[PDB]
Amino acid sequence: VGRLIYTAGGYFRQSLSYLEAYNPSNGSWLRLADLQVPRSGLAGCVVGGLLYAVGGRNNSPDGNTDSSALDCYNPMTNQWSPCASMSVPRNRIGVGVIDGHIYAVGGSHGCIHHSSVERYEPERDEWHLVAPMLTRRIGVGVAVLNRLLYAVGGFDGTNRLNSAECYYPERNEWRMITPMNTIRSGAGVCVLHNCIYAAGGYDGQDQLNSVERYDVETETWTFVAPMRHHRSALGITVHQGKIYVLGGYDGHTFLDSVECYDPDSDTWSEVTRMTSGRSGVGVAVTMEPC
């Protein structure tokens, strides 16, 4: 569905269990049922009115467990319940939905930077591996447009990436696309109109406020207006033809700042701030609870 912006887990001193929902209609937040396990560098998505939290890591004071977890949140009940886990733990995961099916992309397992990719069947509650990406990517940005899944940037273990690639499901194939103008890991990646947006991230030197978009038709990346705050490991989603960026690290602060991009006016504005500063959250949109 679509009515609230849910932000699940994230990081500040350690991984966090928070689920809170923003209402752009009235500027209001709700605190909702905590994740059963705290998680940073996870991804959110939504299928048939249920919110999913996928992978990440528990950076606790008593150890650092990378997650293979798929946890399901029903806003009708305000409860989390476990779903089938993935083949492997994926911290700094990218996630995308094609026709009711969830794709989990790359991310890290301790030292290991994954190229692997796997697909969840909600009704059957089963995961199956698909074709690996051409490139190992963690902190990868992942978005779906026209039933094609795009994997943008991240970190291959040695180099941060400007590269990007496209999964064609009918062929179970990955092809390279035009690289970005800017090297980005931990970028906020989403879809709006006929473009894949890569917002912020890290180029190896500094946190970025630049936003560029890929036209799937023309195959070019153009910069748009930048965000006010430089950010990496930011949350990103789309509601009512607008990009929302939540949180991130600017090099000095875990930002509580929420920016909104208007593609009509090519401008960003501050629309609220989160109850607390935090990085590496999952974000997605569904019906309001209860």
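Position 1 is the first residue in the sequence shown; the rest follow in order.
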**OP:** Could you check which stretch, 281-289 or 3-11, carries the larger mean CA temperature factor in the entry?
**Re:** 281-289
**OP:** Could you check which stretch, 187-195 or 84-92, carries the larger mean CA temperature factor in the entry?
**Re:** 187-195
Original post:
Which is it among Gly44, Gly63, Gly55, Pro263: the one with the largest CA B-factor in the entry?
Top reply: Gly63
Original post:
Of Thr220, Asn172, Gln207, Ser210, which one's C-alpha B factor is largest in the deposited record?
Top reply: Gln207
Original post:
Can you tell me which third, lowest, middle or highest, the CA B-factor of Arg160 falls into for its chain?
Top reply: highest
Original post:
So where's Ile236 on the chain's Cα temperature factor ranking, which third?
Top reply: lowest
**OP:** Classify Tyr168 as lowest, middle or highest third according to the C-alpha B-factor given in the PDB entry, relative to its own chain.
**Re:** lowest
Original post:
When the modelled residues of the chain are sorted by Cα temperature factor, does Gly201 land in the lowest, middle or highest third?
Top reply: middle
Subject >> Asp125 - Cα temperature factor, lowest/middle/highest third of chain >> reply: highest
